[PDB]
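Asker: Pasting an experimental structure with its sequence.
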Amino acid sequence: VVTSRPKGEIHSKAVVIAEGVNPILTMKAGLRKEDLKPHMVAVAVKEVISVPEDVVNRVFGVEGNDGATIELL
Amino acid sequence: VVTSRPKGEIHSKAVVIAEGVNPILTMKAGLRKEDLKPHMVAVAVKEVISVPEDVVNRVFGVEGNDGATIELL
Amino acid sequence: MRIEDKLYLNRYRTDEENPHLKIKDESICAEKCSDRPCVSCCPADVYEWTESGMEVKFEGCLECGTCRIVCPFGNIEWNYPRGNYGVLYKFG
Amino acid sequence: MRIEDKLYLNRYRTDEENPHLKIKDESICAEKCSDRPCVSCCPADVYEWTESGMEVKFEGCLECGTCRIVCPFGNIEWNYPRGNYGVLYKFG
Ligand code: SF4
Ligand code: SF4
Ligand code: SF4
Ligand code: SF4
């Protein structure tokens, strides 16, 4: 592995490309013969909203480190 | 209408038997030729539980004189 | 014991001199009846079949009317209590 | 204005001397492109098509990678920022 660091050259017997989506480093290894087309990916926009620990209990119907997940269609 | 009161005899041109289930007074008027059999009625047992106005908001997911109804099967 | 804890929560004006639940024939409850559905379907545990006869604790009657209807032989003289008597449901 | 209110909430270490979003050919964005999907699909309003060219405000880039993929002609030299640079998501 070569890095953006100045003296950065890490030697290894194997390299695990666990770098997620945007397969920039996968294309350098010969895998991913093309880039991602805009039908293999989904733009996911997320907000983390500060809701003060008791309205979370009220609007989800839970209490005390028990959680609920909503899936919105 | 005659009542359980001592001098109780109310005179009227019409009598509306709006006395609910247990058709005791309906059978006196000639209607309901038999009593209720135990398949025309359902025993409904109800508790009113004191839950202090904010756990009601939390367990129903509501707030401020907005209510929710659960039907349990 | 168990349901008279919950019948204590209700409000009553008991009419003890006028029992509104009379059993028309005690002998039907001894040999003619098999399962006693007045006991097993009373929401207030009013009826209890002893060997001394049927104990009708009419003071806890919730005036539902199940006993009169669930009795197969019709031997429950069922009335409502008088006016201003019986259960008095607060926030019913 | 609107989304840079929300980009102010994020934490950045901006690398201003190294823009990681370069456009390979500005002429493809003027006549070859019709709808400019880099502008209309950028979650951080990085791309803005003026008549002076394409304004690439790379400092607010959320490093998602949409622009590189949604661009039909491939003329976005898209890199991640260097290590310890770009978005730094706290409770991501
Ligand atoms: S149901 Fe009718 S018969 Fe059976 S016990 Fe109650 S009263 Fe006696
Ligand atoms: S009325 Fe309801 S409560 Fe009173 S005895 Fe008959 S069943 Fe039990
Ligand atoms: S998409 Fe490719 S071509 Fe269309 S504007 Fe953005 S960069 Fe220029
Ligand atoms: S990466 Fe995500 S945010 Fe940064 S420019 Fe491309 S699209 Fe806009």
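Answerer: Perfect, I can see it now. Numbering: from 1, shown residues only, chains lettered A, B, ... in the order given. Ligands and ions are numbered 1, 2, ... in the order given.
Asker: Report the separation between the residue of chain C found nearest ligand 3 and residue C:56.
Answerer: Shortest chain C-to-ligand 3 distance, computed as Cβ to the nearest ligand atom: residue-wise this is residue C:91, at 66.8 Å. No exception for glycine: its C-beta is placed from N, CA and C like everyone else's. Noted for residue C:91: a distance of 28 Å to residue C:56, by Cβ to Cβ, to the nearest Å.
Asker: now swap in residue A:36 and tell me
Answerer: 81 Å.
Asker: of the two, who's got more company?
Answerer: residue C:56 (19 against 15; other Cβ atoms under 10 Å in any protein chain shown).
Asker: Skipping its backbone neighbours, what lies nearest the more buried one in space?
Answerer: Nearest-residue entry for residue C:56: residue C:21, 5.2 Å, with adjacent residues in sequence omitted and distances by Cβ to Cβ, 6 or more residues apart in numbering or on different chains.
Asker: What of residue C:81?
Answerer: Spatial nearest neighbour of residue C:81, excluding adjacent residues (Cβ to Cβ, 6+ apart): residue C:20 at 4.8 Å.
Asker: Share the number of residues neighbouring the one you found, please.
Answerer: When neighbours are defined as other Cβ under 10 Å, residue C:20 has 17 of them.
Asker: can you pull the contacts of it?
Answerer: Taking Cβ atoms under 8 Å, 6 or more residues apart in numbering or on different chains as the criterion, residue C:20 is in contact with C:58, C:61, C:78, C:79, C:80, C:81, C:82, C:86.
Asker: Tell me which stretches of the chain form helices.
Answerer: Went with chain A since none was named. For chain A, the helices defined by DSSP state H occupy A:24-28, A:55-60.
Asker: could you do chain C instead?
Answerer: Here chain C has its helices, by DSSP H, at C:3-7, C:37-40, C:66-70.
Asker: Now those in CSV, please, with extra columns for mean neighbour count.
Answerer: CSV is the format used below for the helices of chain C (neighbours: other Cβ atoms under 10 Å in any protein chain shown):
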stretch, mean neighbour count
helix C:3-7, 13
helix C:37-40, 18
helix C:66-70, 22
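Asker: Surely residue C:85 and residue C:15 touch.
Answerer: Yes. Counting by Cβ atoms under 8 Å, residue C:15 is a contact partner of residue C:85 at 4.2 Å.
Asker: count of neighbours near the residue of chain A found nearest ligand 3?
Answerer: The minimum distance from chain A to ligand 3, using Cβ to the nearest ligand atom, falls at residue A:38 (11.0 Å). Residue A:38 sits with 16 neighbouring residues when counted by other Cβ under 10 Å.
Asker: what's near enough to touch it?
Answerer: Residues near residue A:38 by Cβ under 8 Å, 6+ apart: D:69, D:70.
Asker: Torsion angles phi and psi at it?
Answerer: Backbone torsions of residue A:38, given as degrees, to the nearest 10, read phi -80, psi 40.
Asker: tell me, how many neighbours does residue 61 end up with?
Answerer: Using chain A here. Neighbour number of residue A:61 under other Cβ under 10 Å is 14.
Asker: should've been chain C
Answerer: The burial count for residue C:61: 26, using other Cβ under 10 Å.
Asker: contacting residues around it?
Answerer: Contact criterion Cβ under 8 Å, 6+ apart gives C:20, C:21, C:44, C:46, C:81, C:86, C:87 as the residues in contact with residue C:61.
Asker: redo that, cut-off 6 Å
Answerer: residue C:46 (Cβ atoms under 6 Å, 6 or more residues apart in numbering or on different chains).
Asker: ok, back up a step: of all the helices of chain A, which one comes closest to ligand 2?
Answerer: Among the helices of chain A, the nearest to ligand 2 by Cβ to the nearest ligand atom is helix A:55-60 (38.6 Å).
Asker: give me the residue from chain C nearest ligand 4.
Answerer: With Cβ to the nearest ligand atom as the measure, residue C:91 is the residue of chain C nearest to ligand 4, at 58.2 Å.
Asker: That residue - nearest residue in space that isn't next to it in sequence?
Answerer: Of all residues not flanking residue C:91 in the chain, residue B:48 sits nearest, at 5.8 Å (Cβ to Cβ, 6+ apart).
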